[PDB]
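What follows is the content of start.cif, which has mmCIF, C-alpha atoms:
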```
data_run
loop_
_atom_site.label_atom_id
_atom_site.label_comp_id
_atom_site.auth_asym_id
_atom_site.auth_seq_id
_atom_site.Cartn_x
_atom_site.Cartn_y
_atom_site.Cartn_z
CA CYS A 1 -29.49 -13.16 -35.97
CA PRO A 2 -27.29 -12.47 -32.93
CA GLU A 3 -26.84 -9.15 -31.17
CA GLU A 4 -23.80 -8.25 -33.28
CA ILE A 5 -22.51 -9.70 -36.54
CA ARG A 6 -19.06 -8.10 -36.27
CA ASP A 7 -17.06 -11.34 -36.43
CA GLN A 8 -19.09 -14.09 -34.72
CA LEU A 9 -21.15 -12.82 -31.75
CA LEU A 10 -19.97 -9.46 -30.38
CA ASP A 11 -17.07 -7.01 -30.48
CA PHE A 12 -13.83 -9.04 -30.41
CA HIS A 13 -15.87 -12.09 -29.31
CA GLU A 14 -16.97 -10.76 -25.93
CA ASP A 15 -18.52 -14.14 -25.07
CA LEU A 16 -15.12 -15.86 -25.01
CA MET A 17 -13.56 -13.81 -22.21
CA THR A 18 -16.93 -12.96 -20.61
CA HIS A 19 -18.26 -16.48 -20.00
CA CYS A 20 -14.82 -17.90 -19.15
CA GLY A 21 -14.50 -15.83 -15.98
CA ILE A 22 -16.84 -13.43 -14.18
CA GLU A 23 -15.89 -13.50 -10.50
CA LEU A 24 -12.13 -13.37 -11.18
CA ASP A 25 -11.28 -12.69 -14.84
CA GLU A 26 -13.74 -9.80 -15.20
CA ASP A 27 -12.36 -8.09 -12.09
CA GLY A 28 -8.78 -8.73 -13.22
CA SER A 29 -9.47 -7.30 -16.67
CA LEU A 30 -9.43 -3.79 -15.14
CA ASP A 31 -5.66 -3.45 -15.48
CA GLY A 32 -5.78 0.32 -14.99
CA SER A 33 -7.55 3.60 -15.62
CA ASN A 34 -9.00 4.96 -18.90
CA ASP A 35 -11.64 2.21 -18.96
CA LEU A 36 -14.86 3.72 -17.54
CA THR A 37 -16.06 6.81 -15.68
CA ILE A 38 -15.30 5.27 -12.26
CA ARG A 39 -11.54 4.75 -12.70
CA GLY A 40 -10.94 8.35 -11.66
CA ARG A 41 -12.98 7.87 -8.49
CA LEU A 42 -11.18 4.61 -7.71
CA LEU A 43 -7.77 6.25 -8.16
CA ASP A 44 -8.90 9.19 -6.02
CA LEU A 45 -9.97 6.85 -3.21
CA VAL A 46 -6.75 4.83 -3.45
CA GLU A 47 -4.79 8.06 -3.07
CA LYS A 48 -7.20 9.06 -0.28
CA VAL A 49 -6.43 5.97 1.81
CA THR A 50 -2.66 6.51 1.63
CA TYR A 51 -2.13 9.70 3.61
CA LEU A 52 -0.47 7.65 6.38
CA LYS A 53 -3.39 8.70 8.56
CA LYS A 54 -3.43 8.16 12.32
CA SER A 55 -0.33 11.08 11.20
CA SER A 56 0.10 12.67 14.63
CA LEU A 57 -0.42 9.39 16.50
CA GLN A 58 2.10 7.51 14.35
CA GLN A 59 4.79 10.18 14.63
CA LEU A 60 4.29 10.51 18.39
CA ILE A 61 4.50 6.71 18.77
CA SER A 62 7.71 6.60 16.73
CA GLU A 63 9.22 9.51 18.67
CA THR A 64 8.40 8.04 22.08
CA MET A 65 9.62 4.60 20.98
CA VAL A 66 12.97 5.99 19.81
CA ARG A 67 13.17 7.94 23.08
CA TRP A 68 12.50 4.77 25.08
CA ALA A 69 15.06 2.74 23.14
CA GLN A 70 17.69 5.51 23.15
CA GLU A 71 17.97 6.61 26.79
CA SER A 72 19.49 3.35 28.08
CA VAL A 73 19.98 -0.32 27.31
CA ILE A 74 16.83 -2.25 28.22
CA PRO B 1 -23.97 -6.17 -3.73
CA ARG B 2 -23.37 -9.81 -2.81
CA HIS B 3 -19.85 -10.66 -4.05
CA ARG B 4 -16.58 -9.79 -2.33
CA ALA B 5 -14.16 -10.21 -5.24
CA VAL B 6 -13.89 -6.41 -5.39
CA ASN B 7 -12.17 -6.56 -2.00
CA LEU B 8 -9.68 -9.06 -3.43
CA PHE B 9 -9.12 -6.79 -6.44
CA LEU B 10 -8.42 -3.84 -4.13
CA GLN B 11 -6.06 -6.01 -2.08
CA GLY B 12 -4.20 -7.02 -5.24
CA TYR B 13 -3.95 -3.38 -6.32
CA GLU B 14 -2.63 -2.45 -2.87
CA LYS B 15 0.04 -5.14 -2.84
CA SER B 16 0.99 -4.40 -6.46
CA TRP B 17 1.11 -0.64 -6.99
CA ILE B 18 1.69 1.18 -3.70
CA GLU B 19 3.69 -1.62 -2.05
CA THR B 20 6.77 -0.93 -4.18
CA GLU B 21 6.75 2.77 -3.26
CA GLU B 22 6.17 1.96 0.41
CA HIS B 23 9.11 -0.46 0.40
CA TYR B 24 11.30 2.10 -1.38
CA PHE B 25 10.32 4.78 1.16
CA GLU B 26 10.02 3.08 4.55
CA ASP B 27 13.44 1.41 4.58
CA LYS B 28 15.46 4.63 4.46
CA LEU B 29 13.90 6.85 7.13
CA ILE B 30 14.09 4.25 9.91
CA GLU B 31 17.82 3.86 9.27
CA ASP B 32 18.31 7.63 9.18
CA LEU B 33 16.58 7.87 12.57
CA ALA B 34 18.49 4.86 13.93
CA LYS B 35 21.01 7.40 15.28
CA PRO B 36 19.36 10.79 15.84
CA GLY B 37 21.97 11.82 18.40
CA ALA B 38 19.61 14.20 20.20
CA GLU B 39 19.86 12.55 23.64
CA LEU B 40 23.34 12.77 25.13
CA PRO B 41 23.99 10.07 27.78
CA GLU B 42 25.24 12.74 30.24
CA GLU B 43 26.97 10.05 32.31
CA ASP B 44 30.53 9.72 33.62
CA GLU B 45 30.93 6.20 32.26
CA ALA B 46 33.04 4.68 29.48
CA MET B 47 30.32 2.30 28.28
CA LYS B 48 30.22 4.20 24.95
CA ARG B 49 26.77 3.46 23.57
CA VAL B 50 26.41 3.42 19.78
CA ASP B 51 22.85 2.66 18.66
CA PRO B 52 19.65 0.92 19.74
CA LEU B 53 20.27 -1.14 16.60
CA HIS B 54 23.09 -2.70 18.60
CA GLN B 55 20.43 -3.81 21.10
#
```

structure tokens encoding of this file:
Amino acid sequence: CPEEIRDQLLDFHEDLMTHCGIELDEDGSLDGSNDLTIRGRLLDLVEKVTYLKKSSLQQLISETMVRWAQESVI
Amino acid sequence: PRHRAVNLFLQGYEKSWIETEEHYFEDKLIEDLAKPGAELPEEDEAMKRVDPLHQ
């Protein structure tokens, strides 16, 4: 007897899309959140990267670059 | 901890989800600041500068 006798082997034939791809298909199967207890942490870190951090350096660089390009033709 | 496909997954997520918002946001502000108008030429010349975008 197998692990599960639901239909053939497992729930919704986990072997079919588990053995077909592990390095790529398994990682691509995580289409979004509401899958495990780490999706919230992953979303939090993704939002944590995108604060446009530098932000003072980036805004000062943009300001001084506009000032350089605006005073006269170069 | 010996496979790097998680980095590729994060790269795909970055180019998929946040890239659209970044493209929708970054294109406007640069064009708004193309002509701030804060620095007057203060010169007695008729050269009549318009924008650095002309340059």

Based on all atoms listed in the file, which of the residues in chain A come within 9 Å of chain B? I want them as a CSV table (one decimal) with C-alpha atoms, keeping the file's coordinate frame.
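Result file follows (result-v9.csv):
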```
chain,number,residue,atom,x,y,z
A,23,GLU,CA,-15.9,-13.5,-10.5
A,24,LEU,CA,-12.1,-13.4,-11.2
A,27,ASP,CA,-12.4,-8.1,-12.1
A,28,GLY,CA,-8.8,-8.7,-13.2
A,46,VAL,CA,-6.8,4.8,-3.4
A,50,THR,CA,-2.7,6.5,1.6
A,66,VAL,CA,13.0,6.0,19.8
A,67,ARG,CA,13.2,7.9,23.1
A,69,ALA,CA,15.1,2.7,23.1
A,70,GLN,CA,17.7,5.5,23.2
A,71,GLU,CA,18.0,6.6,26.8
A,72,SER,CA,19.5,3.4,28.1
A,73,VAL,CA,20.0,-0.3,27.3
A,74,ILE,CA,16.8,-2.2,28.2
```

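Interatomic distance, CA of residue 10 in chain A to CA of residue 22 in chain A: 17.0 Å.
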
Mind giving me the straight-line distance from CA of residue 15 in chain A to CA of residue 3 in chain A in Å, one decimal?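 Here the two named atoms are 11.5 Å from each other.
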
Which residues come within 12 Å of residue 4 in chain A, counting all atoms listed in the file, excluding same-chain residues fewer than 4 positions away, as a ChimeraX atom specification? /A:8-15

Point-to-point distance in Å for CA of residue 65 in chain A and CA of residue 15 in chain B: 27.5 Å
